[PDB]
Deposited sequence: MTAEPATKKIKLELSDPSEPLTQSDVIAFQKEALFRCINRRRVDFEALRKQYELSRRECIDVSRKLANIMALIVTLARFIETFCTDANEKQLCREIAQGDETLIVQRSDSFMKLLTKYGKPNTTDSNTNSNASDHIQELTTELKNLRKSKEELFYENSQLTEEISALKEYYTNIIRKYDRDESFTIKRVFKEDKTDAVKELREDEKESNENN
């Protein structure tokens, strides 16, 4: 655990420790990958039902005559899960109220598409940058720790002057 205690440890046992760590790491890594795959799955599932509901709130917003109705629809489109549940009852109350089966409007709809298009292109760019950063970061910090360990190694300094 410390360099002095390693000098105290025995040299075959250090190899056995290295392979204990290698196989523990491989376990942990298959575990990490399973976890991430689940997390991506639930997140895309959530992303999809949220997309359904905030898109719904915008159209039902368009059909509301009451200031409060429009307020609820807009707060829902904000896309916060907690608020969405809480306002769910009033939103259905609103949907029941307005469910009973021009030019400028399509213009807005396509404006929002382009804005989102631009938002998604950006979000993708920043995701790419974030992944790069994690990798850079693990590498940067590991390097500093390697250097610290080398600088407190005495065998090193006596082998090299």
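In this chain, the deposited residues that lack C-alpha positions fall in the ranges 1-20, 122-131, 192-212.
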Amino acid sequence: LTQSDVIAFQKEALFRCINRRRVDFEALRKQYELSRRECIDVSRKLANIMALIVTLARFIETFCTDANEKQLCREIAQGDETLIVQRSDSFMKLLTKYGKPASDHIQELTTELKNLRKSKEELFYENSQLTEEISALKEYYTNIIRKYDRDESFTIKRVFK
From here on, numbers count along this sequence of modelled residues.
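Of the two stretches examined, 106-114 and 63-71, the record assigns the greater average C-alpha temperature factor to 106-114. When the two stretches 128-136 and 42-50 are set side by side, the higher mean Cα temperature factor goes to 128-136. For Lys120, the recorded CA B-factor ranks within the middle third of the chain. Only modelled residues enter the ranking. Among the modelled residues of its chain, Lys30 has a C-alpha B-factor that falls in the middle third, as given in the PDB entry.
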